[PDB]
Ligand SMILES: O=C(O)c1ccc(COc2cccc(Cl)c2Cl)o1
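What follows is a single chain, given as structure tokens, in the form deposited without the named molecule.
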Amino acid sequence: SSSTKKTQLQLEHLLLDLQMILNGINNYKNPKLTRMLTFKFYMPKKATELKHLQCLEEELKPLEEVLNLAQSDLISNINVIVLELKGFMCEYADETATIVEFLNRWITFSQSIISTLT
């Protein structure tokens, strides 16, 4: 179906856009990266369905704000995608995580859903 085809394509863009952010952070010099790792992200208790993307949506502004602060367009792609994919009350885990743990969680989420559509 057209909605299924669009969904798979959007998740693929989401996955790659998240990875591109992570790659960029991984390219920070060590002292800068060390400081970036002090920032905390809330994490989904459960993330197995598109509706769970609400847990990502609520952290997109913090994500983009810290990236901007880190430098003294990918987020815009992600914003549209997450909004449209999610179409519910988000449960968060008790413990927060670093930007690296946060991005890896949502990259893994994206691949998991993609693998149910291939």
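Residue indices: 1-based, along the sequence shown. Basically, rigid core = biggest C-alpha set you can superpose within 1.5 Å across the two forms. Shifts are known only where both forms have a C-alpha.
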Deposited residues absent from the coordinates between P31 and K32, none, 1 to 3, 4 to 9, or 10 or more?
none
Unresolved deposited positions lying between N27 and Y28 come to none
If you average the Cα B factors in the entry, which is higher, 109 to 117 or 2 to 10?
2 to 10
Could you check the entry and say whether 89 to 97 or 76 to 84 has the higher mean CA B-factor?
89 to 97
Out of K40, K51, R35, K46, which residue has the highest Cα temperature factor in the PDB record?
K46
By the recorded C-alpha temperature factor, relative to the other modelled residues in its chain, which third is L67 in?
middle
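Another form exists, deposited with the named molecule bound; not displayed. Remarks below refer to it.
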Is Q19 close enough to touch the named molecule in the deposited complex, meaning at least one heavy atom pair within 4.5 Å?
no
Would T34 count as touching the named molecule in the deposited complex under a 4.5 Å heavy atom rule?
no
In the deposited complex, does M43 have a heavy atom within 4.5 Å of the named molecule?
no
Indicate whether the named molecule has at least one heavy atom within 4.5 Å of a heavy atom of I81 in the deposited complex.
yes
State yes only if every one of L50, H52 and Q111 has a non-hydrogen atom within 4.5 Å of the named molecule in the deposited complex; otherwise state no.
no
Residues within 4.5 Å of the named molecule in the deposited complex, restricted to 10 to 43 and counted by heavy atom:
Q10, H13
Using the rigid core as the reference frame, would you say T38 shifts its C-alpha by 2 Å or more between the shown form and the other one?
no
So the Cα-Cα distance between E58 and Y28 shifts by 3 Å or more in the deposited complex; is it shorter or longer than what we see here?
farther
Based on a C-alpha change of 3 angstroms or more, tell me if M36 and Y28 lie closer or farther in the deposited complex than in the shown form.
farther
After a core superposition, which runs of 3 or more consecutive residues shift by at least 2 Å in C-alpha position between the shown form and the other one?
27 to 31
